[PDB]
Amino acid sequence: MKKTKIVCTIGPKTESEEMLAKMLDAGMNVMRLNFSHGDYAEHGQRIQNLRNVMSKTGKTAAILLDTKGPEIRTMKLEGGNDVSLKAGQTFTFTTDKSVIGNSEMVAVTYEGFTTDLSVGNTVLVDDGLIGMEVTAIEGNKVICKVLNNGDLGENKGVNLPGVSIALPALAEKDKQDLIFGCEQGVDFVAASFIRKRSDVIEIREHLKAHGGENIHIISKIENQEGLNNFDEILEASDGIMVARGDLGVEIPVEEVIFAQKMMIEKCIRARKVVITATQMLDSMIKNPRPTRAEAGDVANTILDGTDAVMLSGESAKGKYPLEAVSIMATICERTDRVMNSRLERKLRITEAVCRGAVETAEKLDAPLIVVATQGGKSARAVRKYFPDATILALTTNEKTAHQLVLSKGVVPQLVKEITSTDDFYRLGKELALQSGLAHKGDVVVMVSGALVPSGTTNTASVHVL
């Protein structure tokens, strides 16, 4: 069975219980709610439909709330009509939100546009369609020279490569969306356009104020500032979402692949979950099969070591959502099965024990590593070494059981209680057999914390089923 986890964006085509059950069967592990669209009633029934399928089937899944985030956009044009911009012309942005645009000027939504930009900077409009160079900044105007021909429509995204943008961490609507996330008890929040550590702290504080302190934060890295501050962002976050498409608009194209590989490797080492996202199987919005190129990108992303891969429009609104999940699962299984363990700063007890446990499992052809865990840390510490064995993670914590669904190669199981180390061994052997993942005579390695506070893994034990 595959080890890499699949995040599916769920939308109108895929939100029914019937469709969700088929998506789970096909390999979906996590539902993404994209809050760039839909209202609270719609997202609420989506959440309930998934939870209904879970309780009826006993299948497990996690729920991830992806925020819209703050943004810079252009605004309206005369008559609603596109205008044609020409290489070499002068073009001006104004922060006066009342201005209606034309072929010479358009308003932007961001009051700080003049402050943050500098003469010589690049302005990109509409997913990089039209590039411009700032030639002067005067009052509420950023005056530019257009670099290539293109048609400007209304309400288009603006990207400022290499610029530290003083947008707030959270749009006002994002703040209400997070409260909804707390009300609904989602498992993860993916926070958009994270640029610096203080952005993460603000999200953490907002969740804490509404009872969401146990919701894990996945920071979306989308531009050069976020990459520059990656280490501090990761330290403050519970995980990372690699937004390849945004990066390709914002940094030199030849760097994007190494930004992805670096972020995945650092997440692995930090024992934090990483999702790779955008431009995965986009061709399947319209087509029943992906391209060779897309399949190869997915496979290489898995070989890079990602915990999870994410479907966007393909699973939410496209014509072939089940086919997209299925072929994604096929690629995952085919790629996961040729990956090997990775068995490589003063040494901490948890890492010594977990690395040794994986080494022992490999030396003894153990099909399963059973881990006792409260918050998920010990399960993620074992996964760091990419064990051949499946990780059966026993927890009494319902939130942890859902969150571990996102971690590569982990099968979480909720248990009523674990009263002692020896009880853990007895129970874990029972559930190992019940799971069908191991059989009489198989070796299992069992990892837990004994006589220590939650958050430290210190014991490894070898049992025959």
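Note that residue numbering begins at 1 and tracks the sequence as displayed.
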Exercise. State which stretch shows the higher mean Cα B factor in the entry: 455-463 or 3-11.
Key: 455-463
Exercise. State which stretch shows the higher mean Cα B factor in the entry: 40-48 or 431-439.
Key: 431-439
Quiz item: Whose C-alpha has the highest temperature factor in the PDB entry: 204, 317, 195, 261?
Solution: 317
Quiz item: Looking at 389, 339, 218, 331, which has the highest CA B-factor as recorded?
Solution: 389
Quiz item: Among the modelled residues of its chain, does the C-alpha B-factor of residue 266 lie in the lowest, middle or highest third?
Solution: middle
Self-check item: residue 66, C-alpha B-factor rank within chain (lowest, middle or highest third)
Solution: lowest
Quiz item: Where does residue 58 sit by CA temperature factor within its chain: lowest, middle or highest third?
Solution: highest
Self-check item: Within-chain third of residue 26 by Cα B-factor, per the entry
Solution: middle
Quiz item: Thinking about Cα B factors across the chain, which third does residue 394 belong to?
Solution: middle
